[PDB]
file query.cif (mmCIF, C-alpha atoms)
data_coords
#
loop_
_atom_site.label_atom_id
_atom_site.label_comp_id
_atom_site.auth_asym_id
_atom_site.auth_seq_id
_atom_site.Cartn_x
_atom_site.Cartn_y
_atom_site.Cartn_z
CA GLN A 1 100.95 62.31 131.39
CA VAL A 2 102.75 64.16 128.59
CA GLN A 3 105.65 66.31 129.82
CA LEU A 4 107.27 69.26 128.05
CA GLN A 5 110.91 69.59 129.10
CA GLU A 6 112.99 72.77 128.74
CA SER A 7 116.75 73.21 128.59
CA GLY A 8 118.95 76.31 128.42
CA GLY A 9 119.08 79.62 130.22
CA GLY A 10 121.43 80.84 132.92
CA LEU A 11 123.70 83.84 133.37
CA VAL A 12 124.43 85.56 130.05
CA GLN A 13 126.06 88.93 129.45
CA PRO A 14 124.00 91.62 127.67
CA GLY A 15 124.67 91.45 123.95
CA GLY A 16 125.12 87.67 124.12
CA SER A 17 123.17 84.81 122.57
CA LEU A 18 121.35 81.72 123.84
CA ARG A 19 119.31 78.81 122.48
CA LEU A 20 116.40 77.60 124.61
CA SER A 21 115.03 74.17 123.70
CA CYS A 22 111.67 72.59 124.50
CA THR A 23 111.13 68.87 123.86
CA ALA A 24 107.80 67.04 123.92
CA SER A 25 107.85 63.59 125.51
CA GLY A 26 104.38 62.19 124.81
CA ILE A 27 102.96 64.34 122.02
CA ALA A 28 104.72 65.07 118.73
CA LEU A 29 105.41 68.34 116.94
CA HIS A 30 104.13 69.51 113.48
CA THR A 31 100.61 68.66 114.81
CA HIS A 32 100.27 71.10 117.72
CA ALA A 33 100.93 74.83 117.87
CA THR A 34 103.85 75.63 120.16
CA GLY A 35 104.34 78.95 121.92
CA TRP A 36 106.75 80.49 124.39
CA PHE A 37 105.64 82.60 127.35
CA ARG A 38 107.74 84.76 129.66
CA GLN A 39 107.04 85.74 133.27
CA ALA A 40 108.96 88.44 135.22
CA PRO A 41 108.97 89.01 139.00
CA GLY A 42 106.30 91.53 139.96
CA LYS A 43 104.69 91.38 136.50
CA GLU A 44 102.18 89.27 134.56
CA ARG A 45 103.13 86.59 132.05
CA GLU A 46 103.47 87.56 128.39
CA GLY A 47 104.10 85.40 125.33
CA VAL A 48 107.23 85.38 123.19
CA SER A 49 106.69 83.53 119.90
CA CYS A 50 104.52 80.88 118.28
CA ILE A 51 104.60 78.29 115.50
CA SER A 52 101.35 76.79 114.19
CA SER A 53 100.78 73.15 113.21
CA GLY A 54 101.13 72.78 109.44
CA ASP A 55 104.48 74.16 108.22
CA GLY A 56 104.05 76.90 110.79
CA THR A 57 103.92 80.66 110.41
CA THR A 58 106.14 82.27 113.04
CA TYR A 59 104.44 84.95 115.14
CA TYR A 60 106.33 87.32 117.43
CA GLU A 61 105.43 90.02 119.94
CA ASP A 62 105.96 93.77 119.54
CA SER A 63 108.95 94.03 121.90
CA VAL A 64 110.83 91.01 120.50
CA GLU A 65 110.69 91.71 116.76
CA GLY A 66 113.94 91.46 114.81
CA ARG A 67 115.96 89.91 117.66
CA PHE A 68 114.39 86.61 118.76
CA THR A 69 113.89 83.73 116.34
CA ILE A 70 112.01 80.42 116.55
CA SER A 71 112.50 77.13 114.71
CA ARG A 72 111.08 73.61 114.95
CA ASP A 73 113.04 70.41 114.26
CA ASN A 74 110.76 67.41 113.73
CA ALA A 75 113.70 64.98 113.57
CA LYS A 76 114.51 65.56 117.26
CA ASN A 77 110.91 66.70 118.01
CA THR A 78 112.30 69.88 119.60
CA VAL A 79 111.41 73.57 119.29
CA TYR A 80 114.32 76.02 119.50
CA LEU A 81 114.15 79.67 120.58
CA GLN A 82 117.17 81.80 119.62
CA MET A 83 118.04 84.72 121.92
CA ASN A 84 120.09 87.34 120.05
CA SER A 85 121.01 90.87 121.21
CA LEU A 86 119.71 90.65 124.77
CA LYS A 87 119.04 93.88 126.67
CA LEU A 88 118.84 94.19 130.47
CA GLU A 89 115.07 94.02 131.02
CA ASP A 90 114.51 90.34 130.07
CA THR A 91 115.78 88.89 133.38
CA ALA A 92 112.92 86.44 133.86
CA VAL A 93 111.67 82.85 133.53
CA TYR A 94 110.55 81.24 130.26
CA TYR A 95 107.96 78.51 129.68
CA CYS A 96 107.09 76.46 126.60
CA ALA A 97 103.54 75.32 125.90
CA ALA A 98 101.57 73.50 123.21
CA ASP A 99 97.94 73.45 122.09
CA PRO A 100 96.16 71.24 119.52
CA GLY A 101 95.32 72.81 116.18
CA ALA A 102 96.55 75.98 114.48
CA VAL A 103 95.58 78.31 117.32
CA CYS A 104 97.97 81.29 116.95
CA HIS A 105 96.27 84.14 115.03
CA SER A 106 93.42 82.46 113.18
CA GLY A 107 90.87 85.26 113.14
CA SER A 108 90.54 87.88 115.89
CA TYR A 109 92.53 85.78 118.37
CA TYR A 110 96.16 85.93 119.44
CA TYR A 111 98.32 83.79 121.72
CA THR A 112 98.60 86.48 124.48
CA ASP A 113 95.54 84.79 126.02
CA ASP A 114 97.15 81.99 128.04
CA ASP A 115 94.81 79.00 127.73
CA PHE A 116 97.21 76.30 126.52
CA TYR A 117 96.70 72.79 127.86
CA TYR A 118 100.25 71.40 128.03
CA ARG A 119 102.69 73.39 130.17
CA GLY A 120 106.27 73.17 131.45
CA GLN A 121 108.50 73.85 134.42
CA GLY A 122 110.40 76.73 132.79
CA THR A 123 114.00 77.92 132.82
CA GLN A 124 115.54 81.10 134.22
CA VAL A 125 117.38 83.53 131.93
CA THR A 126 119.37 86.26 133.70
CA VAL A 127 121.36 89.18 132.28
CA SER A 128 123.66 91.08 134.65
CA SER A 129 127.05 92.76 134.79
CA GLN B 1 117.08 104.93 86.75
CA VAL B 2 113.45 105.33 87.86
CA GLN B 3 112.43 108.85 88.91
CA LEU B 4 109.07 110.03 90.26
CA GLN B 5 108.10 113.67 89.67
CA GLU B 6 105.44 115.71 91.46
CA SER B 7 103.68 118.82 90.16
CA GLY B 8 101.32 121.15 92.00
CA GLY B 9 101.36 122.78 95.42
CA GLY B 10 101.85 126.38 96.42
CA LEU B 11 99.82 128.95 98.36
CA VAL B 12 96.15 127.95 98.47
CA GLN B 13 93.42 129.57 100.55
CA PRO B 14 91.61 127.55 103.25
CA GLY B 15 88.43 126.11 101.81
CA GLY B 16 90.11 125.80 98.41
CA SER B 17 90.85 122.91 96.08
CA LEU B 18 93.97 121.64 94.34
CA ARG B 19 95.24 118.75 92.18
CA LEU B 20 98.67 117.25 92.85
CA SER B 21 100.06 114.98 90.15
CA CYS B 22 102.79 112.35 90.34
CA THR B 23 104.29 110.80 87.21
CA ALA B 24 106.68 107.85 86.91
CA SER B 25 109.43 107.96 84.29
CA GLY B 26 110.95 104.47 84.34
CA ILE B 27 108.29 102.20 85.85
CA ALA B 28 104.66 102.11 84.73
CA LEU B 29 101.44 102.27 86.73
CA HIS B 30 98.61 99.65 87.06
CA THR B 31 101.32 97.16 88.14
CA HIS B 32 102.67 98.97 91.21
CA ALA B 33 100.92 100.40 94.27
CA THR B 34 101.13 104.17 94.69
CA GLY B 35 100.71 106.09 97.94
CA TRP B 36 101.04 109.64 99.22
CA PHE B 37 102.88 110.62 102.41
CA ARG B 38 102.81 114.10 103.95
CA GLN B 39 105.30 115.68 106.33
CA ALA B 40 105.17 118.91 108.33
CA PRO B 41 107.83 120.55 110.52
CA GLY B 42 107.64 119.49 114.15
CA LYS B 43 106.09 116.08 113.41
CA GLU B 44 106.84 112.78 111.67
CA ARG B 45 105.58 111.75 108.25
CA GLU B 46 102.07 110.30 107.90
CA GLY B 47 100.45 108.68 104.87
CA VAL B 48 97.50 110.09 102.97
CA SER B 49 96.07 107.63 100.43
CA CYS B 50 96.95 104.64 98.26
CA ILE B 51 95.96 102.82 95.08
CA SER B 52 96.68 99.10 94.65
CA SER B 53 97.93 97.40 91.49
CA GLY B 54 94.91 95.87 89.76
CA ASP B 55 91.84 98.09 89.22
CA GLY B 56 92.52 99.97 92.46
CA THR B 57 91.01 99.86 95.93
CA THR B 58 91.25 103.37 97.39
CA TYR B 59 92.24 103.52 101.06
CA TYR B 60 92.15 106.76 103.04
CA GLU B 61 93.40 107.80 106.46
CA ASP B 62 91.27 108.89 109.40
CA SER B 63 91.99 112.62 109.15
CA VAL B 64 91.42 112.84 105.38
CA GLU B 65 88.25 110.76 104.91
CA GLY B 66 85.52 112.27 102.75
CA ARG B 67 87.61 115.30 101.71
CA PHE B 68 90.53 113.89 99.69
CA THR B 69 90.20 111.75 96.56
CA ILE B 70 92.79 109.77 94.60
CA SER B 71 92.69 108.68 90.96
CA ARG B 72 95.05 107.01 88.49
CA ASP B 73 95.18 107.66 84.74
CA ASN B 74 97.09 105.05 82.75
CA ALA B 75 96.63 107.07 79.55
CA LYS B 76 99.09 109.62 80.98
CA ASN B 77 100.70 107.25 83.56
CA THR B 78 99.89 109.81 86.26
CA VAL B 79 98.35 109.53 89.72
CA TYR B 80 96.21 112.49 90.81
CA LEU B 81 95.50 113.59 94.39
CA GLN B 82 92.50 115.93 94.48
CA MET B 83 92.21 117.73 97.81
CA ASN B 84 89.29 120.02 98.65
CA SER B 85 88.10 122.06 101.66
CA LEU B 86 91.52 122.45 103.24
CA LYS B 87 91.85 123.37 106.90
CA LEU B 88 94.72 125.32 108.45
CA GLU B 89 96.54 122.21 109.73
CA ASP B 90 97.16 120.84 106.21
CA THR B 91 100.30 122.95 105.58
CA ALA B 92 102.78 120.26 104.55
CA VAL B 93 105.10 118.80 101.93
CA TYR B 94 103.73 115.83 99.98
CA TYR B 95 105.67 112.90 98.53
CA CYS B 96 104.44 110.28 96.08
CA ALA B 97 105.87 106.79 96.43
CA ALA B 98 105.56 103.56 94.44
CA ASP B 99 105.97 100.04 95.79
CA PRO B 100 105.99 96.62 94.08
CA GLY B 101 102.92 94.44 94.43
CA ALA B 102 99.52 95.16 95.95
CA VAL B 103 101.15 96.35 99.14
CA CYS B 104 98.31 98.47 100.57
CA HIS B 105 96.21 96.35 102.97
CA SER B 106 97.09 92.81 101.92
CA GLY B 107 96.75 90.50 104.91
CA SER B 108 97.55 91.98 108.32
CA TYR B 109 99.90 94.57 106.77
CA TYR B 110 99.01 98.19 106.06
CA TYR B 111 100.84 101.04 104.35
CA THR B 112 101.37 103.21 107.46
CA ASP B 113 104.86 101.68 107.67
CA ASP B 114 106.88 103.89 105.30
CA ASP B 115 109.05 101.34 103.50
CA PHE B 116 108.28 102.04 99.84
CA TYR B 117 111.08 101.31 97.38
CA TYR B 118 110.66 104.40 95.18
CA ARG B 119 110.47 107.94 96.57
CA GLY B 120 110.25 111.54 95.34
CA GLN B 121 111.29 115.08 96.18
CA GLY B 122 107.78 116.23 97.13
CA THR B 123 105.98 119.55 96.76
CA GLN B 124 105.02 122.07 99.44
CA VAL B 125 101.43 123.22 99.96
CA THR B 126 100.60 126.11 102.29
CA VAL B 127 97.23 127.27 103.62
CA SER B 128 97.28 130.74 105.18
CA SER B 129 95.43 134.05 105.27
CA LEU C 184 134.22 62.06 52.73
CA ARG C 185 132.41 63.04 55.92
CA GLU C 186 128.65 63.59 56.25
CA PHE C 187 126.80 65.05 59.24
CA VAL C 188 123.31 66.20 60.22
CA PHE C 189 122.72 68.79 62.96
CA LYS C 190 119.19 69.26 64.36
CA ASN C 191 117.57 71.28 67.15
CA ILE C 192 114.21 70.17 68.55
CA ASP C 193 112.91 70.77 72.13
CA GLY C 194 116.40 71.56 73.43
CA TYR C 195 117.93 68.26 72.32
CA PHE C 196 121.04 68.30 70.12
CA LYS C 197 121.84 65.30 67.92
CA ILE C 198 124.77 64.26 65.75
CA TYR C 199 124.29 62.16 62.64
CA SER C 200 127.45 61.07 60.84
CA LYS C 201 128.92 58.57 58.43
CA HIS C 202 132.54 57.97 57.38
CA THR C 203 133.09 56.43 53.97
CA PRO C 204 136.40 56.54 52.06
CA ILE C 205 135.03 55.98 48.53
CA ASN C 206 134.45 59.04 46.35
CA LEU C 207 136.60 58.43 43.20
CA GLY C 208 136.91 61.39 40.81
CA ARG C 209 133.48 62.82 41.67
CA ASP C 210 133.27 65.16 44.65
CA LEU C 211 129.61 64.15 45.20
CA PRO C 212 129.57 60.56 43.94
CA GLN C 213 126.57 58.43 43.08
CA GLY C 214 125.33 55.99 45.68
CA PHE C 215 123.16 55.69 48.76
CA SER C 216 124.17 55.41 52.41
CA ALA C 217 122.44 56.03 55.73
CA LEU C 218 124.03 58.02 58.56
CA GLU C 219 125.11 56.40 61.82
CA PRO C 220 124.14 58.28 65.02
CA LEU C 221 127.19 58.81 67.23
CA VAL C 222 126.83 61.11 70.27
CA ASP C 223 123.85 62.71 72.03
CA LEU C 224 124.14 66.27 73.38
CA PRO C 225 121.76 67.78 75.96
CA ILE C 226 122.09 71.59 76.03
CA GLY C 227 118.69 73.25 75.78
CA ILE C 228 119.55 76.52 74.01
CA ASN C 229 118.13 77.95 70.78
CA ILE C 230 120.29 78.51 67.69
CA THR C 231 119.66 81.23 65.11
CA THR D 425 103.08 64.52 81.55
CA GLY D 426 104.51 65.24 84.98
CA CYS D 427 103.78 66.70 88.39
CA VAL D 428 103.93 70.07 90.13
CA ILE D 429 105.12 70.46 93.74
CA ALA D 430 104.74 73.60 95.85
CA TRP D 431 105.30 74.53 99.48
CA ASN D 432 105.13 77.80 101.39
CA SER D 433 108.40 79.48 102.37
CA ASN D 434 107.37 82.58 104.31
CA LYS D 435 109.93 81.63 106.98
CA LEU D 436 113.03 81.66 104.74
CA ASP D 437 112.61 84.16 101.86
CA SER D 438 110.58 87.02 103.37
CA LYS D 439 112.86 89.50 105.28
CA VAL D 440 111.29 92.35 107.26
CA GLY D 441 112.06 94.99 104.64
CA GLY D 442 110.66 92.79 101.88
CA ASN D 443 112.69 90.70 99.44
CA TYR D 444 113.32 92.52 96.15
CA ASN D 445 115.74 90.18 94.35
CA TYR D 446 112.80 88.22 92.91
CA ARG D 447 111.89 89.27 89.39
CA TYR D 448 109.46 88.46 86.61
CA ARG D 449 108.75 89.70 83.09
CA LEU D 450 105.29 91.29 82.84
CA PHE D 451 105.66 93.24 79.58
CA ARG D 452 106.74 91.15 76.59
CA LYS D 453 106.11 91.41 72.86
CA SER D 454 105.43 87.75 72.05
CA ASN D 455 104.27 84.67 73.94
CA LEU D 456 107.10 82.19 74.45
CA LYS D 457 107.00 78.60 73.29
CA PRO D 458 107.11 75.94 76.04
CA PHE D 459 110.48 75.27 77.71
CA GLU D 460 112.03 78.65 76.91
CA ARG D 461 113.87 81.27 78.96
CA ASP D 462 114.16 85.03 78.41
CA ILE D 463 116.96 86.75 80.37
CA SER D 464 117.47 89.68 77.99
CA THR D 465 116.57 93.26 78.93
CA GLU D 466 115.12 95.69 76.40
CA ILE D 467 112.88 98.76 76.52
CA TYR D 468 109.19 97.99 76.06
CA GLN D 469 107.58 99.62 73.01
CA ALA D 470 104.32 100.36 74.81
CA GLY D 471 103.33 103.31 72.63
CA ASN D 472 104.06 104.92 69.26
#

call {"tool": "encode", "arguments": {"input": "query.cif", "output": "structure tokens"}}
result
Amino acid sequence: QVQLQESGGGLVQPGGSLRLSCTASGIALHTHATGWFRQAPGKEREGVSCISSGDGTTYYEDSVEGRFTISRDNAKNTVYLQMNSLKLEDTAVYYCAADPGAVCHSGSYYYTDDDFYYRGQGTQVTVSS
Amino acid sequence: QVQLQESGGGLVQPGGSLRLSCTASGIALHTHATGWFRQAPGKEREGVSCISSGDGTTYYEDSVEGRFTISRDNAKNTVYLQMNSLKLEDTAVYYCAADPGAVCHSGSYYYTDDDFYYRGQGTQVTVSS
Amino acid sequence: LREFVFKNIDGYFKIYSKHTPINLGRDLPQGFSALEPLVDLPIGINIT
Amino acid sequence: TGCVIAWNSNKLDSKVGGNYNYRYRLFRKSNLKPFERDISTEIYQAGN
């Protein structure tokens, strides 16, 4: 009955900045691995970033390197995704998810394979002029 | 004031052999990692080979496997690229480059990304009839 | 007449001192007196 | 007598181009005594 709640998103101009936040109600952070996935209309869902359990090495995709950052605050039990330098093509919906253990890139595996247990409702991020 | 000098190159016949040498003035070898990058007109620069810091694990690219050898002499502080059995597509300018640490294939990183701190002027080698 | 001792061990400066007014006509008079430690100085540098 | 504490900081001191402000002294003439610092720069006499 654990819920993962997201906050942020909306209408932002290209070149702007945003801070998406995902908060875990039942489970706690610094024990799971938390990732962000992104789904576009007419396309298939693709991940964004991931933090593992202990300390947490930050992993990013190929198209989001150098622009998007991720951080995890254990005081408020909230993971924060920082949108910087947004182009036009990322007009889509974002989801946060968690999975027990250090699952992101331990061997020949990577978090593109969506098999996370906990999910979320997701928030819409739209860039337009 | 660290300067890397290259000696060798010139007009060599296909099927021939040659020895390029790169020597560091300021820094010393067996502490740094030294690689070779070649560039030809009409295309972007591609690496050739590398030697790591301690002892030296020799890594080679796909197009130059079995033909090209690399060696490092600390008695003269000189890295030597021995190339043999040259085909007609090997007409290029070669640069030697040194980087701090054991940068070549440590973790998920590999030296294809040209981001070495020290560079050189390079020498031209030409195969023709 | 003022007496001091200056020492350097493991980055730990010390002052040893003693103030006595009695010297008479001899610049280094006979007698015996210990030195009273006054002030401790942490610095940590070496002195040559 | 004491303790050593260490924690990984790949997330704060990495940068994509690699961080080059970090330094150490690999070539040195003599082994230092404990609790010493060497910030001087001089040319290494590696050969004759």

call {"tool": "resolve_selection", "arguments": {"input": "query.cif", "expression": "the PyMOL selection byres ((chain A and resi 54) around 12)", "output": "list in words"}}
result
residues 29, 30, 31, 32, 33, 34, 51, 52, 53, 55, 56, 57, 58, 72, 74, 100, 101, 102, 103 and 104 of chain A; 431 and 432 of chain D

call {"tool": "interface_residues", "arguments": {"input": "query.cif", "of": "chain C", "to": "chain D", "cutoff": "9 Å", "atoms": "all atoms listed in the file", "output": "ChimeraX atom specification"}}
result
/C:193-194,227-229

call {"tool": "atom_distance", "arguments": {"input": "query.cif", "atom1": "atom CA of residue 16 of chain B", "atom2": "atom CA of residue 83 of chain B"}}
result
8.4 Å

call {"tool": "residues_around", "arguments": {"input": "query.cif", "residues": "residue 224 of chain C", "least_positions_apart": "6", "cutoff": "7 Å", "atoms": "all atoms listed in the file", "output": "list in words"}}
result
residues 195, 196 and 197 of chain C

call {"tool": "write_last_selection", "arguments": {"input": "query.cif", "atoms": "C-alpha atoms", "output": "tab-separated table (two decimals), keeping the file's coordinate frame"}}
result
chain	number	residue	atom	x	y	z
C	195	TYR	CA	117.93	68.26	72.32
C	196	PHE	CA	121.04	68.30	70.12
C	197	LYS	CA	121.84	65.30	67.92

call {"tool": "atom_distance", "arguments": {"input": "query.cif", "atom1": "atom CA of residue 78 of chain B", "atom2": "atom CA of residue 127 of chain B"}}
result
24.8 Å

call {"tool": "resolve_selection", "arguments": {"input": "query.cif", "expression": "the PyMOL selection byres ((chain D and resi 451-456) around 12)", "output": "list in words"}}
result
residues 27, 28 and 31 of chain B; 448, 449, 450, 457, 458, 459, 460, 461, 462, 463, 464, 465, 466, 467, 468, 469 and 470 of chain D

call {"tool": "closest_residue", "arguments": {"input": "query.cif", "among": "A:17, A:106, A:123, A:5", "to": "chain B", "atoms": "only C-alpha atoms"}}
result
A:106

call {"tool": "atom_distance", "arguments": {"input": "query.cif", "atom1": "atom CA of residue 23 of chain A", "atom2": "atom CA of residue 96 of chain A"}}
result
9.0 Å

call {"tool": "resolve_selection", "arguments": {"input": "query.cif", "expression": "the PyMOL selection byres ((chain A) within 12 of (chain B))", "output": "list in words"}}
result
residues 59, 105, 106, 107 and 108 of chain A

call {"tool": "interface_residues", "arguments": {"input": "query.cif", "of": "chain D", "to": "chain B", "cutoff": "9 Å", "atoms": "all atoms listed in the file", "output": "list in words"}}
result
residues 441, 442, 444 and 450 of chain D

call {"tool": "residues_around", "arguments": {"input": "query.cif", "residues": "residue 12 of chain A", "least_positions_apart": "5", "cutoff": "12 Å", "atoms": "only C-alpha atoms", "output": "MDAnalysis selection string"}}
result
chainID A and resid 17:19 83:88 90:91 124:129

call {"tool": "closest_residue", "arguments": {"input": "query.cif", "among": "B:10, B:49, B:43, B:21", "to": "residue 110 of chain B", "atoms": "only C-alpha atoms"}}
result
B:49

call {"tool": "residues_around", "arguments": {"input": "query.cif", "residues": "residue 204 of chain C", "least_positions_apart": "3", "cutoff": "10 Å", "atoms": "only C-alpha atoms", "output": "ChimeraX atom specification"}}
result
/C:184-185,207

call {"tool": "residues_near_point", "arguments": {"input": "query.cif", "point": "(125.4, 57.9, 52.8)", "cutoff": "10 Å", "atoms": "only C-alpha atoms", "output": "PyMOL selection string"}}
result
chain C and resi 184-187+200-203+213-219

call {"tool": "closest_residue", "arguments": {"input": "query.cif", "among": "B:42, B:66, B:47, B:35", "to": "residue 99 of chain B", "atoms": "all atoms listed in the file"}}
result
B:35

call {"tool": "decode", "arguments": {"input": "query.cif", "residues": "segment 199-224 of chain C", "atoms": "C-alpha atoms", "output": "mmCIF file, in the first residue's frame"}}
result
data_model
loop_
_atom_site.group_PDB
_atom_site.id
_atom_site.type_symbol
_atom_site.label_atom_id
_atom_site.label_comp_id
_atom_site.auth_asym_id
_atom_site.auth_seq_id
_atom_site.Cartn_x
_atom_site.Cartn_y
_atom_site.Cartn_z
ATOM 1 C CA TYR C 199 59.936 28.151 29.791
ATOM 2 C CA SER C 200 60.788 31.293 31.733
ATOM 3 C CA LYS C 201 61.824 32.655 35.099
ATOM 4 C CA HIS C 202 62.136 36.252 36.319
ATOM 5 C CA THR C 203 64.566 36.881 39.153
ATOM 6 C CA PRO C 204 65.981 40.315 40.056
ATOM 7 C CA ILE C 205 69.119 39.160 41.915
ATOM 8 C CA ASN C 206 72.389 39.075 39.974
ATOM 9 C CA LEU C 207 74.781 41.371 41.969
ATOM 10 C CA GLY C 208 78.098 42.167 40.264
ATOM 11 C CA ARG C 209 78.267 38.858 38.380
ATOM 12 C CA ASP C 210 76.509 38.689 35.016
ATOM 13 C CA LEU C 211 76.016 34.909 35.455
ATOM 14 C CA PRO C 212 75.728 34.573 39.240
ATOM 15 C CA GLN C 213 75.999 31.434 41.325
ATOM 16 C CA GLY C 214 72.790 29.749 42.395
ATOM 17 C CA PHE C 215 70.112 27.335 41.264
ATOM 18 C CA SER C 216 66.565 28.048 40.095
ATOM 19 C CA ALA C 217 63.983 26.155 38.060
ATOM 20 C CA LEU C 218 62.027 27.736 35.210
ATOM 21 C CA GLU C 219 58.286 28.397 35.424
ATOM 22 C CA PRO C 220 56.233 27.408 32.341
ATOM 23 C CA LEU C 221 54.105 30.323 31.166
ATOM 24 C CA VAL C 222 52.290 29.993 27.813
ATOM 25 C CA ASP C 223 51.661 27.081 25.427
ATOM 26 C CA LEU C 224 51.819 27.661 21.658
#
